[PDB]
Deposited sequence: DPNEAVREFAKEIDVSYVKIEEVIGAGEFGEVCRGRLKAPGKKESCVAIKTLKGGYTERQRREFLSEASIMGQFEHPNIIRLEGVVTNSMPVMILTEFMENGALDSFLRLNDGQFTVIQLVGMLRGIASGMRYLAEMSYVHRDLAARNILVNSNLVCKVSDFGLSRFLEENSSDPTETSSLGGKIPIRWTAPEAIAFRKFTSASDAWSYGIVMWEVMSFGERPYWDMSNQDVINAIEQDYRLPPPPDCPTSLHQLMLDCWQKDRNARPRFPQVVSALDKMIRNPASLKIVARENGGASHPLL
């Protein structure tokens, strides 16, 4: 896939499941140099590592992390993607607590919803939609990555392992809550089991401080117990676009 001579690993920036995550530079003949994220790396686990690239490589969308390639004929085995300068959304927001406007936050949520709209249209169920799995670039563009998280997971998917695009819509509501709360943990210190019982007993997360009521209502819609009643991702995007068109709507809190 990618000639190893074309890759320069600069800084180690994080740690992943199978190894490091690094910032680097990719320069191939005919093409300008670009900034890349690089994951570096059991046999079964090697295919486990590389599967992420194969899935990621099925997708082409501005709100889904772009795969540049892999290094496999050489060692260490690598996966290269575009570089997202601002990292994971939950930590980026915690660092920037209170510092982005409602309209900026809605833009981030819209980018995430578009990503999910695309994946649902491709019949791809994510199963692990959470702000930690959303990456942010220098322009604040949010992209879905990562190809049972109890507090993000729909009640039926927990009970039955029924993962659908409608269970993803539940998870997206949780992401909305995370974004509007600037990266607070869903259900704070409640335990997984407490969360499981709380939801079954009709508890839902309250509006975050300063959260427009219309955004909280959209969260409640995403968290309907009847999965068929939840908005599909096209309706989610359209709702968010409506709010962007009509920012007046967002002042009610």
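According to the record, the deposited residues with no C-alpha atom in the structure span 1-11, 53-56, 163-184, 291-302.
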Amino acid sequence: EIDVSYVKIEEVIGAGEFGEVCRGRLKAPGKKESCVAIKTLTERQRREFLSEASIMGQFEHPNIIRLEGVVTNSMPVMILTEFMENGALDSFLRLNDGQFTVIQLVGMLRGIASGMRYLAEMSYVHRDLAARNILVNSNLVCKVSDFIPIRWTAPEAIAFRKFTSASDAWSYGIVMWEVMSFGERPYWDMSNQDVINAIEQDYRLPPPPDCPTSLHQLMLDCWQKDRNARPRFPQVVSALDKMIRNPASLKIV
From here on, numbers count along this sequence of modelled residues.
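For the two forms, the rigid core is made up of the largest set of C-alpha atoms that agree within 1.5 Å on superposition.
Greater C-alpha displacement in 5 other deposited structures of this protein (rigid core superposition, RMS over structures and residues), of 26-34 versus 197-205: 26-34. Root-mean-square C-alpha deviation from the shown form, taken over all structures in 5 other deposited structures of this protein superposed by the rigid core, is larger for 69-77 than for the alternative among 179-187 and 69-77. Looking at mean Cα B-factors across 221-229 and 46-54, the upper value is held by 46-54. Legend: mean Cα B-factor per stretch from the PDB entry, 61-69 versus 189-197; the higher mean is in 189-197.
Set against one another, the Cα B-factors of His126, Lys162, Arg117, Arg110 in the record reach their highest point at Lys162. Residue set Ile148, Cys142, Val102, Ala130: peak C-alpha B-factor at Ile148 (per PDB entry). Among the modelled residues of its chain, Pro155 has a C-alpha B-factor that falls in the middle third, as given in the PDB entry.
For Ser74, the recorded CA temperature factor ranks within the highest third of the chain's modelled residues.
The PDB entry assigns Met243 a C-alpha temperature factor belonging to the highest third of its chain's modelled residues.
Placement of the Cα temperature factor of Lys39 within the chain: middle third of the modelled residues, per the deposited record. Sorting the modelled residues of the chain by their CA temperature factor places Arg204 in the middle third.
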